[PDB]
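Working notes, structure below.
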Amino acid sequence: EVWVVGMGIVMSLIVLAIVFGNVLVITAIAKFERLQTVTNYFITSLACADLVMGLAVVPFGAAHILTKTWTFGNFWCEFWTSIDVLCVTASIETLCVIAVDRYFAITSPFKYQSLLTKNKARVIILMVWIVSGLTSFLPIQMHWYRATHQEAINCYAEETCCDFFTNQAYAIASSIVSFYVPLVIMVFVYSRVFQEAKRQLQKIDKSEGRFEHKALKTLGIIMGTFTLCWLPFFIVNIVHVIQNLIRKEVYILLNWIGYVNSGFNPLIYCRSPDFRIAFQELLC
Ligand SMILES: CN[C@@H]1CCc2c(ccc(O)c2O)[C@H]1O
């Protein structure tokens, strides 16, 4: 039987990867004064969200999957669900804020210096987490998301069962707040940035005539590891409520595909040469 020892190894490796990467990024930004920049506060917020997710959400879900029972109390089921939703929405919204910051950096270069002051770059982060917590903790803990049918009531009345059942309203509102609004903004921002880059290369070629792969590669790496990781989940999240069409195993698998996005963020964003120097100093 390889379906007990085997899936544990993969889950443990995911936990180790997430924890190691996020801890390294956080300590590199904290220890070195050169890396302290307005752009790097969004990165440290994202790293904090990913580290919390890797420490809390993944291990208990892994234990639940491997054991098929919930030994802990009934309070901890709702606490764990609330933490899961909070971390996911905070991470995605920080990803949106980073793209908006880059839009403001390239599109308007003269007014960028005054706009993103270090003092005003903290209110944005404090608002992101508050908005994340107003949709994660408050609706779940007040018991406003609860479903109404025999399976849901039986699940809620048992102390060893912890499965996600939700209404139509909460599912739709949660998906809209967490995914689609932060997606349209990123699409618009990155399209405009690509346009500006193309114009710049056109000017260079027209000027130094005698003597778009990079932009496409960078935008593909940024926007193909996010849509592919999170888009499949937020469609079944609506479908399984509108209509038996979606089975539970597919839902759980598509949920767990979106968790590994936390382990890839340091590769995508913490790739500058200064980060490489800082990582070299810390480890070796
Ligand atoms: C238990 N897993 C949850 C279920 C629903 C949900 C998640 C993440 C973000 C949301 O906006 C959600 O509505 C998932 O992490």
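We name chains A, B, ... following the order of the structure tokens; residues begin at 1 in each chain, and ligands are numbered from 1 as shown.
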request  = Give me the residues within 8 Å of stretch 210-219 of chain A as a PyMOL selection string, counting only C-alpha atoms and dropping any in the same chain fewer than 2 places off.
outcome  = chain A and resi 190+194+197-198+201+208+221-223
task = Kindly compile the residues surrounding ligand 1 within 9 Å, counting only C-alpha atoms and all ligand atoms, and format them as a PyMOL selection string.
result = chain A and resi 80-89+135-136+163-166+170-179+233-234+237+252+255-256+258-259
Would you save the residues of that selection, restricted to N, CA and C atoms, as a compact mmCIF listing (two decimals), in the first residue's frame?
# COMPACT_ATOMS: atom_id res chain seq x y z
N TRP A 80 -9.85 26.88 11.50
CA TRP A 80 -8.99 26.52 10.39
C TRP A 80 -9.55 27.01 9.06
N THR A 81 -10.86 26.86 8.86
CA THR A 81 -11.47 27.35 7.62
C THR A 81 -11.30 28.86 7.48
N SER A 82 -11.52 29.59 8.57
CA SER A 82 -11.38 31.04 8.52
C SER A 82 -9.95 31.45 8.19
N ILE A 83 -8.96 30.79 8.81
CA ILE A 83 -7.57 31.11 8.52
C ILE A 83 -7.24 30.82 7.06
N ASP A 84 -7.74 29.69 6.54
CA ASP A 84 -7.52 29.36 5.13
C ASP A 84 -8.01 30.46 4.21
N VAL A 85 -9.27 30.87 4.39
CA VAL A 85 -9.84 31.89 3.50
C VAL A 85 -9.08 33.20 3.64
N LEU A 86 -8.75 33.59 4.88
CA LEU A 86 -8.03 34.83 5.11
C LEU A 86 -6.69 34.84 4.37
N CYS A 87 -5.90 33.78 4.53
CA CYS A 87 -4.59 33.74 3.91
C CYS A 87 -4.69 33.78 2.39
N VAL A 88 -5.63 33.02 1.82
CA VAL A 88 -5.74 32.99 0.36
C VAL A 88 -6.09 34.37 -0.19
N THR A 89 -7.11 35.01 0.39
CA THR A 89 -7.53 36.30 -0.16
C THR A 89 -6.46 37.37 0.05
N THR A 135 -14.09 39.39 5.26
CA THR A 135 -14.79 38.37 4.49
C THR A 135 -14.47 36.95 4.92
N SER A 136 -13.43 36.76 5.74
CA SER A 136 -13.00 35.44 6.16
C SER A 136 -13.49 35.09 7.56
N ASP A 163 -16.19 19.28 6.84
CA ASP A 163 -16.24 19.43 5.40
C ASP A 163 -16.90 20.75 5.04
N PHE A 164 -16.49 21.32 3.91
CA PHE A 164 -16.94 22.65 3.54
C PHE A 164 -18.28 22.59 2.82
N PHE A 165 -19.30 23.17 3.44
CA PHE A 165 -20.60 23.38 2.82
C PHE A 165 -20.93 24.86 2.92
N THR A 166 -21.39 25.45 1.82
CA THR A 166 -21.62 26.89 1.77
C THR A 166 -22.85 27.19 0.94
N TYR A 170 -22.81 33.35 -0.28
CA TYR A 170 -21.45 33.45 0.24
C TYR A 170 -20.43 32.97 -0.78
N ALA A 171 -20.73 31.87 -1.48
CA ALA A 171 -19.79 31.36 -2.48
C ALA A 171 -19.54 32.39 -3.57
N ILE A 172 -20.62 32.97 -4.11
CA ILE A 172 -20.46 33.93 -5.20
C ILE A 172 -19.74 35.18 -4.72
N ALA A 173 -20.13 35.71 -3.55
CA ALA A 173 -19.50 36.92 -3.04
C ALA A 173 -18.03 36.69 -2.71
N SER A 174 -17.71 35.55 -2.10
CA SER A 174 -16.33 35.24 -1.78
C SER A 174 -15.48 35.12 -3.04
N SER A 175 -15.99 34.43 -4.06
CA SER A 175 -15.23 34.30 -5.30
C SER A 175 -15.01 35.66 -5.96
N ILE A 176 -16.05 36.51 -5.98
CA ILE A 176 -15.92 37.82 -6.60
C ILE A 176 -14.90 38.68 -5.85
N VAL A 177 -14.95 38.66 -4.52
CA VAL A 177 -14.03 39.49 -3.75
C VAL A 177 -12.60 38.98 -3.86
N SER A 178 -12.42 37.66 -3.90
CA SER A 178 -11.08 37.08 -3.81
C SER A 178 -10.37 36.97 -5.15
N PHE A 179 -11.08 36.68 -6.24
CA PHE A 179 -10.41 36.33 -7.49
C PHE A 179 -10.67 37.30 -8.63
N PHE A 233 -9.89 26.37 -9.82
CA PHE A 233 -10.64 26.19 -8.58
C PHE A 233 -11.85 27.11 -8.52
N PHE A 234 -11.68 28.37 -8.92
CA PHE A 234 -12.75 29.35 -8.74
C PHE A 234 -13.82 29.25 -9.81
N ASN A 237 -15.85 26.28 -7.91
CA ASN A 237 -16.44 26.87 -6.71
C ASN A 237 -17.82 27.46 -6.99
N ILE A 252 -11.38 18.94 -3.84
CA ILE A 252 -10.24 18.94 -2.94
C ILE A 252 -8.92 19.01 -3.72
N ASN A 255 -8.42 22.42 -5.02
CA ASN A 255 -8.05 23.27 -3.89
C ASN A 255 -6.57 23.13 -3.56
N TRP A 256 -6.05 21.90 -3.54
CA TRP A 256 -4.66 21.69 -3.18
C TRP A 256 -3.69 22.09 -4.28
N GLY A 258 -3.97 24.88 -5.85
CA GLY A 258 -3.77 26.29 -5.60
C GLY A 258 -2.94 26.63 -4.39
N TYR A 259 -2.68 25.66 -3.51
CA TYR A 259 -1.86 25.93 -2.33
C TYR A 259 -0.38 26.02 -2.67
inquiry  = With distances taken over only C-alpha atoms, which residue among A:162, A:38, A:153, A:48 lies nearest residue A:113?
reply    =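 Under the stated criterion, the closest residue is A:38.
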request  = Kindly give the distance, in Å, that separates atom CA of residue A:226 and atom CA of residue A:95, rounded to a single decimal.
outcome  =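 Interatomic distance here is 9.5 Å.
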inquiry  = Please determine, counting only C-alpha atoms, which residue among A:44, A:280, A:107, A:37 has the shortest atom-to-atom distance to residue A:189.
reply    =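 Ranking A:44, A:280, A:107, A:37 by distance to residue A:189, first place goes to A:107.
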Could you list, as an mmCIF file with C-alpha atoms, in the first residue's frame, every residue within 9 Å of residue A:47, counting only C-alpha atoms and ignoring same-chain residues fewer than 5 positions away?
data_model
loop_
_atom_site.group_PDB
_atom_site.id
_atom_site.type_symbol
_atom_site.label_atom_id
_atom_site.label_comp_id
_atom_site.auth_asym_id
_atom_site.auth_seq_id
_atom_site.Cartn_x
_atom_site.Cartn_y
_atom_site.Cartn_z
ATOM 1 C CA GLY A 21 11.480 29.877 1.003
ATOM 2 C CA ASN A 22 9.304 32.334 2.895
ATOM 3 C CA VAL A 23 11.528 32.372 5.993
ATOM 4 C CA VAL A 25 12.932 35.889 1.971
ATOM 5 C CA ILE A 26 11.667 37.523 5.174
ATOM 6 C CA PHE A 42 4.351 44.376 -0.538
ATOM 7 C CA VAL A 52 1.263 31.579 7.687
ATOM 8 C CA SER A 91 -2.124 36.680 -0.842
ATOM 9 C CA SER A 262 2.829 29.896 -2.117
ATOM 10 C CA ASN A 265 6.270 33.211 -5.247
ATOM 11 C CA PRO A 266 9.909 33.714 -4.080
#
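Ranking A:19, A:24, A:152, A:116 by their shortest atom-to-atom distance to residue A:278, with only C-alpha atoms included, puts A:24 first.
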ask   = By how many Å are atom CA of residue A:143 and atom CA of residue A:159 apart?
value = 16.4 Å
task = Write out as a PyMOL selection string the residues lying within 12 Å of residue A:188, counting only C-alpha atoms and excluding same-chain residues fewer than 5 positions away.
result = chain A and resi 96+99-100+103+181-183+193-195
For those residues, write N, CA, C and O atoms to a file as a PDB file, in the first residue's frame.
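Output saved as part.pdb:
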ATOM      1  N   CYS A  96      -2.230  41.580  -6.542  1.00  0.00           N
ATOM      2  CA  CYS A  96      -2.813  42.668  -7.328  1.00  0.00           C
ATOM      3  C   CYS A  96      -2.142  44.012  -7.039  1.00  0.00           C
ATOM      4  O   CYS A  96      -1.891  44.806  -7.961  1.00  0.00           O
ATOM      5  N   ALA A  99       1.190  44.536  -8.879  1.00  0.00           N
ATOM      6  CA  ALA A  99       1.020  44.890 -10.284  1.00  0.00           C
ATOM      7  C   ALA A  99       0.609  46.345 -10.443  1.00  0.00           C
ATOM      8  O   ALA A  99       1.093  47.039 -11.344  1.00  0.00           O
ATOM      9  N   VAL A 100      -0.293  46.827  -9.583  1.00  0.00           N
ATOM     10  CA  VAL A 100      -0.684  48.236  -9.659  1.00  0.00           C
ATOM     11  C   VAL A 100       0.511  49.144  -9.374  1.00  0.00           C
ATOM     12  O   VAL A 100       0.674  50.199 -10.004  1.00  0.00           O
ATOM     13  N   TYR A 103       2.539  49.319 -12.473  1.00  0.00           N
ATOM     14  CA  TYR A 103       1.848  50.180 -13.427  1.00  0.00           C
ATOM     15  C   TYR A 103       2.151  51.642 -13.150  1.00  0.00           C
ATOM     16  O   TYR A 103       2.486  52.404 -14.061  1.00  0.00           O
ATOM     17  N   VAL A 181     -12.226  40.367  -9.317  1.00  0.00           N
ATOM     18  CA  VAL A 181     -11.852  41.782  -9.241  1.00  0.00           C
ATOM     19  C   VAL A 181     -10.340  41.953  -9.187  1.00  0.00           C
ATOM     20  O   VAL A 181      -9.815  42.829  -9.888  1.00  0.00           O
ATOM     21  N   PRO A 182      -9.580  41.183  -8.399  1.00  0.00           N
ATOM     22  CA  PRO A 182      -8.115  41.251  -8.511  1.00  0.00           C
ATOM     23  C   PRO A 182      -7.553  40.703  -9.814  1.00  0.00           C
ATOM     24  O   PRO A 182      -6.345  40.839 -10.038  1.00  0.00           O
ATOM     25  N   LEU A 183      -8.361  40.079 -10.671  1.00  0.00           N
ATOM     26  CA  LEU A 183      -7.847  39.570 -11.938  1.00  0.00           C
ATOM     27  C   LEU A 183      -7.997  40.577 -13.072  1.00  0.00           C
ATOM     28  O   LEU A 183      -7.078  40.735 -13.887  1.00  0.00           O
ATOM     29  N   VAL A 193       1.329  47.921 -19.617  1.00  0.00           N
ATOM     30  CA  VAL A 193       2.782  47.866 -19.461  1.00  0.00           C
ATOM     31  C   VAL A 193       3.435  47.275 -20.708  1.00  0.00           C
ATOM     32  O   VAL A 193       4.473  47.764 -21.180  1.00  0.00           O
ATOM     33  N   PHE A 194       2.842  46.212 -21.260  1.00  0.00           N
ATOM     34  CA  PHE A 194       3.374  45.625 -22.485  1.00  0.00           C
ATOM     35  C   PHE A 194       3.342  46.626 -23.633  1.00  0.00           C
ATOM     36  O   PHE A 194       4.292  46.707 -24.424  1.00  0.00           O
ATOM     37  N   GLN A 195       2.256  47.397 -23.743  1.00  0.00           N
ATOM     38  CA  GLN A 195       2.189  48.418 -24.788  1.00  0.00           C
ATOM     39  C   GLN A 195       3.331  49.420 -24.655  1.00  0.00           C
ATOM     40  O   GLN A 195       3.990  49.771 -25.646  1.00  0.00           O
TER      41      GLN A 195
END
Residues at most 12 Å from residue A:117, counting only C-alpha atoms, excluding those fewer than 3 positions away in the same chain, as a compact mmCIF listing (two decimals) with C-alpha atoms, in the first residue's frame?
# COMPACT_ATOMS: atom_id res chain seq x y z
CA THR A 37 12.32 49.75 -0.22
CA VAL A 38 8.69 50.71 -0.80
CA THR A 39 8.42 47.93 -3.40
CA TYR A 41 6.94 46.01 1.72
CA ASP A 101 2.56 49.53 -8.13
CA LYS A 111 4.97 61.57 -10.37
CA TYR A 112 5.98 58.14 -9.03
CA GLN A 113 8.38 59.51 -6.42
CA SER A 114 5.73 61.50 -4.54
CA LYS A 120 1.39 55.85 2.59
CA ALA A 121 2.57 52.36 1.52
CA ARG A 122 1.60 51.03 4.97
CA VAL A 123 -2.04 52.13 4.99
CA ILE A 124 -2.55 50.12 1.80
inquiry  = For residue A:8, find every residue with an atom within 9 Å (counting only C-alpha atoms), except residues of its own chain fewer than 5 positions away, and show them as a PyMOL selection string.
reply    = chain A and resi 3+13+62-63+66
